[PDB]
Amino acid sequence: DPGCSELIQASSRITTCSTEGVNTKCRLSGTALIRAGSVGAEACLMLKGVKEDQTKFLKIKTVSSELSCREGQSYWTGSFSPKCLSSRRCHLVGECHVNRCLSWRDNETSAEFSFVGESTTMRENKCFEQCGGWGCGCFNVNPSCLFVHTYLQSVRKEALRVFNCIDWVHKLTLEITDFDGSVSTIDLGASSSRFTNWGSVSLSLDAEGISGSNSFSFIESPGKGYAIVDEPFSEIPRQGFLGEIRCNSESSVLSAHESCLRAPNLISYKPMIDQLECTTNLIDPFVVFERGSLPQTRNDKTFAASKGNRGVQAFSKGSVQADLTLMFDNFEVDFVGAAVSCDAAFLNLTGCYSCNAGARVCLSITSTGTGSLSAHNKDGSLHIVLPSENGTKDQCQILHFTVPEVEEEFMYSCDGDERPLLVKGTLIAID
């Protein structure tokens, strides 16, 4: 039931009217700029004829204002757990020769674990010096060597794809009701223009986008849906962050393949003579997914999965940061039709006084056909002219007051048969 959220009068300088003895028609030629309607509501342009009762409206409903994520970088991740094997040798036995233990290389497997065979899994190798001497079962008093071989294994049989958006492609869908009542639906992009019955329409300025977009990233769970993540995409594994372990494919997460990348020192070890514990404290990306699972709101946007060919989209919820440029190409409009009555009620009066922006008055208007409500205050200094329709709509325009305390009686009608309406509110002063 929203009607005009934004309403401007076409400049007298783009309008020319003539009367054919009682029958008057006007031509629009030139350009008007109007802010796009808030989502669900209309941007409206009012045409005035020569008489005060000659009014027509062009209405442009913002059906939706959508932003589609163009995906940039991507990696796969999932959940992992370490499995360790250990074997302790006394000083001067096996590899536990003078310095080997303390200079042990991560990628070298100890002879102690040659029975494990070949591996293509993410893995690492440690040696921890432990106590020597007879109390720890060694003939030699020097430190014994706890050799350790560890591999990572996927804890789930599914994986998650983390990505960013390099661009958000704006599509503004508009439902246009011409002056003559004909309805059409169009869509526009930032650089688009469409021919209309009266000329053309384009986006003069389009600043629709995701503010702080570099601080969002997304997760896809294949066959399930998407999640938002409230952090920038990480191009490098960083311990304690999503992506600290990452792979180039879904299957490589699942097999924990050695091509996967990982941040250093993710596995902690507690060597205890012949006992060993190894643990991880990894970010659980399935928890992160469930925390951000779509749909979600951030700022004035709703992020949701695309219906159909899948990706993520964001929808504006309120204002649309775009101006429509309306080009009229010598287009004729008449004022034909019988007026019917309307009922109206005051809704609100909001904004400032003695300012350029003025104050927005909103009325609920109920009728059985298309027309115009006209209202004036006692002294004819203020006038309201708003669309009337079959059914009920909330309709708003700007009024200019010079006082913060407003209590103004208007008489309104759609057919000349006036009824009272009280507009009141409190407006702020600017500086």
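All residue numbers are counted from 1 along the displayed sequence.
Checked against the record, the higher mean CA B factor of 58 to 66 and 25 to 33 lies with 25 to 33. Two stretches are in play, 365 to 373 and 393 to 401, and the higher mean C-alpha B-factor belongs to 393 to 401. Residue-level inspection of the entry shows that, of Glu250, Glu95, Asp230, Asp300, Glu95 has the top Cα B-factor. Within the group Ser193, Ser184, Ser213, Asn197, the record's highest C-alpha temperature factor is found at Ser213.
In the PDB entry, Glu175 places in the lowest third of its chain by CA B-factor.
Among the modelled residues of the chain, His149 sits in the middle third by CA temperature factor in this PDB entry. Among the modelled residues of the chain, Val201 sits in the lowest third by CA temperature factor in this PDB entry. Among the modelled residues of the chain, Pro143 sits in the highest third by CA temperature factor in this PDB entry. Ranked against the other modelled residues of its chain, the C-alpha B-factor of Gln296 as given in the entry falls in the lowest third.
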